[PDB]
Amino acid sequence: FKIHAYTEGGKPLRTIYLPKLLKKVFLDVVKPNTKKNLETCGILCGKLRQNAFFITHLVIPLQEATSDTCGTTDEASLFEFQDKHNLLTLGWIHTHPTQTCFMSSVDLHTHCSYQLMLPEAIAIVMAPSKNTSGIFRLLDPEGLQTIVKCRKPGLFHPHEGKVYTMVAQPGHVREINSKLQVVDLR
């Protein structure tokens, strides 16, 4: 059987195929930062084939980090790389070096732009010290709207209501044996 995933507003979501080794590959690549209690992020890049998305490239962008944040600092090299290799942005991945697997306030704000651009966009959060991981998205439309309208100050400000959820597997995301390459732009 095939599961057809839909948003909370009833819009169809195209399947994203995620190489099943990507999470482990990401952890091993960013390991030095993880030991120093610094987050690292990566971009999930790939292509649309027939009517489904395939993540084929794990791109580690030029970035800045703390124990609680990470973010791209040179969009240019990232942009030019994706343009040159004809890659779509399908989501992003990051670590919580010591904490549990959840989406923080800043994570929700980060993810909003991804999911506005691509309704299927996903956020993978790795919590290596807990040996846990999760794949998340905002509720659409309700969670997206909450974050879009939010102008509250502070990196850790709370939000009212349910805003995010785990993605449907295997309907929205399915982990499979497939090709992958790492591109470290640092």
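Sequential numbering from 1, following the sequence displayed.
Look at the mean CA B-factor for 48-56 and for 33-41 in the entry; the higher one is 33-41. Taking only CA atoms, the mean B-factor in the PDB entry is higher for 57-65 than for the other of 117-125 and 57-65. Of the candidates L87, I93, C101, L108, it is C101 whose Cα B-factor is highest according to the PDB record. Annotation for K162, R14, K11, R174: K162 ranks highest, by Cα B-factor.
Placement of the Cα temperature factor of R137 within the chain: lowest third of the modelled residues, per the deposited record. Sorting the modelled residues of the chain by their CA temperature factor places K179 in the middle third. Residue-level temperature factors show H4 in the lowest third of its chain, judged at the C-alpha atom.
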